[PDB]
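Only one structure is covered here, and it is reproduced in the block below.
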Amino acid sequence: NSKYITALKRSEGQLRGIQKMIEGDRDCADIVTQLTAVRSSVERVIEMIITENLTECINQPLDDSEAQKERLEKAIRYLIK
Amino acid sequence: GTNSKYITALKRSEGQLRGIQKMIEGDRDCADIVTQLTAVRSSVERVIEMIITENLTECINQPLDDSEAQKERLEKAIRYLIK
Amino acid sequence: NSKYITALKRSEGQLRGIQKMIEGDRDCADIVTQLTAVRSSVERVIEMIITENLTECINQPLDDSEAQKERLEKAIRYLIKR
Amino acid sequence: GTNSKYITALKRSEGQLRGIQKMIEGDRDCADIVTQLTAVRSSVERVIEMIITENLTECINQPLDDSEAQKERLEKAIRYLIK
Amino acid sequence: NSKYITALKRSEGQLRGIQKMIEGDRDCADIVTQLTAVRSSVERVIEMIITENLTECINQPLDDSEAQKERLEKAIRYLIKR
Amino acid sequence: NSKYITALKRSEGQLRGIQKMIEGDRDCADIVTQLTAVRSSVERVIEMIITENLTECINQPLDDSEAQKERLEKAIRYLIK
Ligand SMILES: [Cl-]
Ligand SMILES: [Cl-]
Ligand SMILES: [Cl-]
Ligand SMILES: [Cl-]
Ligand SMILES: [Cl-]
Ligand SMILES: [Cl-]
Ligand SMILES: [Cl-]
Ligand SMILES: [Cl-]
Ligand SMILES: [Cl-]
Ligand SMILES: [Cl-]
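Residue numbers (PDB author numbering), protein chains in the order written: chain A, 3 to 83; chain B, 1 to 83; chain C, 3 to 84; chain B', 1 to 83; chain C', 3 to 84; chain A', 3 to 83. A prime marks a further copy of an entry chain.
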């Protein structure tokens, strides 16, 4: 949905800002702090997509038993990777 | 040189974020969206690790001549590695 | 669960146990090992709770499909954290 | 089919362990030795995750008809995922 | 360090704090959050100790090169754990 | 050194045993327990090699400053990967 796109757009804005921080010779801690914030915000989108995908696989199973087996397995594999 | 390498990587990553944005607007494939999101996450983490690694390295390789300054400097460098 | 409250007593007592050793200038390797054990015992309570909550969520779903979806999402989100 | 897939992977891994053994006896390259050790570790972890994933999947997809049995079964399946 | 002993008091008190809530059949989401905070506060003491020990190991090496090697190895091994 | 080879040989023995466990239709928990033990023993060799390598880079630096910089960085990168 459209909540991810806002969050991705922000991360993208922060990434170009961090570019300006390196190209202006800012220090290790200021740069790492911002990069970590970008990293967590991307990870949070990843987690939300994985969570929603696994929820829908559990909550709305396919008719075919083997198909539903393979679909849950793929959803869970993302959870533990 | 070091710093240009970082900026190339970060510009790749922000480019991939825009691509991923277009995917989600299209209700495009969910397994693909996670794969490329993970690729962005990994490349950002790569830059983080390189910066922390270089910082710690030059703490060890180029110690400060004030001993208390050097203790505090190394502690911060190691804590960045820990976190 | 008095399951958890006995485990939280062990850990809490282990913490003041550790605290004597730091007061003691005592063996640094021991102190870390003992702190790590406290950390793990707390974590296993955390994992037991979130496991139970997701189990109840899967086995006893809400009546309303949308409510159950939001409920599953939150239960799953507690898994992918540490 | 499932089980043959696992055995192929595990036999690859034990083969790579013997290769790594020969490397260390030769005082061979340390960066290579870690890379391939990590590859073995990853492939073993892949088998672990597949087994835990399938176990959890068939807990959900094929629930037990005793309700208390099914609660205990699912709890163990999720705890394997957690650990 | 009385640095650590104040932190270990907060955590230990937070644990019996949590324990009231489990006795309370209290909000499950809160309980996990509060346990996670205890887990993190213990971990940060762990990381502070191992960071200090490796710092002292790098800055104040032993006289004997082999002894220093074994000493560095053990200090580094405490990093790569969780 | 030769302590790694003993440990690797054991892991290799356990891996073929786990093969016999699957090919004899043993259950999820027994198989996972053994595979986890193999995984930790491999990881422990990895950690020991990384630890020793980083120790020697710190304890026995190269003469050249840039060379020593790149060598420590590679050693530390393995530590945090
Ligand atoms: Cl994260
Ligand atoms: Cl943010
Ligand atoms: Cl690289
Ligand atoms: Cl991380
Ligand atoms: Cl101490
Ligand atoms: Cl696969
Ligand atoms: Cl793991
Ligand atoms: Cl509870
Ligand atoms: Cl491990
Ligand atoms: Cl073993």
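Cβ coordinates follow ideal geometry from the N, Cα and C atoms, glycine included.
Just how far apart, CA to CA, sit residue i and residue j?
i: residue 66 of chain C; j: residue 54 of chain A; result: 17 Å
i: residue 32 of chain A'; j: residue 34 of chain A; result: 43 Å
i: residue 20 of chain B; j: residue 36 of chain A; result: 21 Å
i: residue 45 of chain C; j: residue 58 of chain B; result: 36 Å
i: residue 60 of chain B; j: residue 75 of chain C; result: 46 Å
i: residue 72 of chain A; j: residue 48 of chain C; result: 30 Å
i: residue 23 of chain A; j: residue 82 of chain C'; result: 31 Å
i: residue 104 of chain B'; j: residue 10 of chain A'; result: As shown, chain B' starts at 1 and ends at 83. That puts residue 104 of chain B' outside it, with no answer to give.
i: residue 3 of chain C'; j: residue 52 of chain A'; result: 31 Å
i: residue 124 of chain B'; j: residue 29 of chain C'; result: Residue 124 of chain B' lies beyond the residue range present for chain B', which begins at 1 and ends at 83; the question has no answer from this structure.
i: residue 41 of chain C; j: residue 27 of chain B; result: 42 Å
i: residue 18 of chain B'; j: residue 14 of chain A'; result: 7 Å
i: residue 79 of chain A'; j: residue 16 of chain A'; result: 30 Å
i: residue 6 of chain B; j: residue 8 of chain B'; result: 40 Å
i: residue 43 of chain C; j: residue 43 of chain A'; result: 23 Å
i: residue 70 of chain C; j: residue 12 of chain A; result: 31 Å
i: residue 50 of chain C; j: residue 1 of chain B; result: 50 Å
Which residues in chain B have a C-beta closer than 7 Å to the C-beta of residue i? List them in chain order.
i: residue 74 of chain A'; result: 57, 60, 61
i: residue 41 of chain A; result: 41, 44, 45, 48
Is it buried or exposed for residue i, if we count other Cβ within 10 angstroms and need 16 for buried?
i: residue 77 of chain B'; result: buried
i: residue 25 of chain A; result: exposed
i: residue 56 of chain B; result: buried
i: residue 68 of chain A; result: exposed
Anything in chain A within Cβ reach of residue i, meaning under 9 Å, just list it in chain order.
i: residue 48 of chain C; result: Those do not exist, as residue 48 of chain C stays about 17 Å from chain A at its closest Cβ, beyond 9 Å.
Grouping DSSP H, G and I as helix and E and B as strand, with all else coil, what is residue i?
i: residue 32 of chain A; result: helix
i: residue 41 of chain B'; result: helix
i: residue 17 of chain B; result: helix
i: residue 11 of chain A'; result: helix
i: residue 3 of chain B'; result: helix
i: residue 71 of chain C; result: helix
i: residue 58 of chain B; result: helix
i: residue 84 of chain C; result: coil
i: residue 25 of chain A; result: coil
For residue i, which residues in chain A' fall below 9 Å Cβ to Cβ?
i: residue 64 of chain B; result: Per Cβ cutoff of 9 Å: no residues; residue 64 of chain B is ~16 Å from chain A' at best.
i: residue 67 of chain C'; result: 61, 62
What residues from chain B' crowd round residue i, counting only those whose CB sits closer than 7 Å?
i: residue 70 of chain A; result: 61
Could you list which residues in chain C' have their beta carbon closer than 9 Å to that of residue i, in chain order?
i: residue 81 of chain A'; result: 78, 81, 82
Which residues in chain B have a C-beta closer than 8 Å to the C-beta of residue i? List them in chain order.
i: residue 38 of chain A; result: 48
What residues from chain C crowd round residue i, counting only those whose CB sits closer than 9 Å?
i: residue 7 of chain A; result: Under the 9 Å cutoff, chain C gives no residues; its nearest Cβ is about 19 Å from residue 7 of chain A.
Cβ closer than 8 Å: which chain A' residues qualify as neighbours of residue i?
i: residue 53 of chain B; result: 75, 78, 79, 82
What are the residues of the segment 9-33 of chain A' that lie near chain B', defined by any Cβ-Cβ distance shorter than 7 Å? Only 10, 11, 13, 14, 17, 18, 20, 21, 24, 25, 30, 33 from the segment 9-33 of chain A' bring a Cβ to less than 7 Å from some Cβ of chain B'.
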